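Shown next, in structure tokens, is the structure this report addresses.
Chains as they are written, first to last, in the authors' numbering: chain L, 551 to 600; chain H, 292 to 344.
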């Protein structure tokens with residue numbers, strides 16, 4: 551049961567610590583201007599706040 | 292030298308798609324991505340003229 555557990559124990563890396571931040575990435579269409587992104591980052595800020 | 296806003300004659304059938312959706316696929320060929328009555332999108336190409344506003 552050692553190697554039977556070890557092959558199904560997935561050889562991963564270091565765990566995702568709750569490091570007190572998390573990075574939110576936005577990605578608009580190809581050639582979308584900075585007015586739209588701030589407008590989407592109006593929503594995502596309003597989403598993560600309210 | 293004073294700028295002349297020189298008015299001309301009222302483009303009578305002006306397909307004014309906003310710039311937010313029109314992209315160039317392939318090189319030099321603008322493709323609006325019009326969805327039909329099917330609710331299935333169709334990437335019909337256009338010719339993108341004078342960008343007004």
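By construction, the Cβ of each residue, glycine as well, lies at the ideal position given by its N, Cα and C atoms.
Grouping DSSP H, G and I as helix and E and B as strand, with all else coil, what is residue i?
{"i": "residue 315 of chain H", "result": "strand"}
{"i": "residue 321 of chain H", "result": "strand"}
{"i": "residue 332 of chain H", "result": "strand"}
{"i": "residue 326 of chain H", "result": "strand"}
Over the uninterrupted alpha helix (DSSP H) stretch that includes residue i, give me the two end residues.
{"i": "residue 587 of chain L", "result": "584 to 599"}
{"i": "residue 572 of chain L", "result": "Unbroken run through residue 572 of chain L: none, as it is neither H nor E."}
{"i": "residue 555 of chain L", "result": "552 to 556"}
Taking 9 Å as the threshold (C-beta atoms), are residue j and residue i in contact?
{"i": "residue 312 of chain H", "j": "residue 323 of chain H", "result": "yes"}
Checklist entry - Okay, do the segment 307 to 322 of chain H and the segment 334 to 343 of chain H touch, 3+ Cβ pairs below 8 Å being the bar? => result yes
Item to check | Stretch pair the segment 295 to 308 of chain H + the segment 561 to 581 of chain L: three plus CB contacts closer than 8 Å | outcome: By the C-beta criterion, the segment 295 to 308 of chain H is judged not to be in contact with the segment 561 to 581 of chain L, since fewer than 3 inter-stretch pairs fall below 8 Å.
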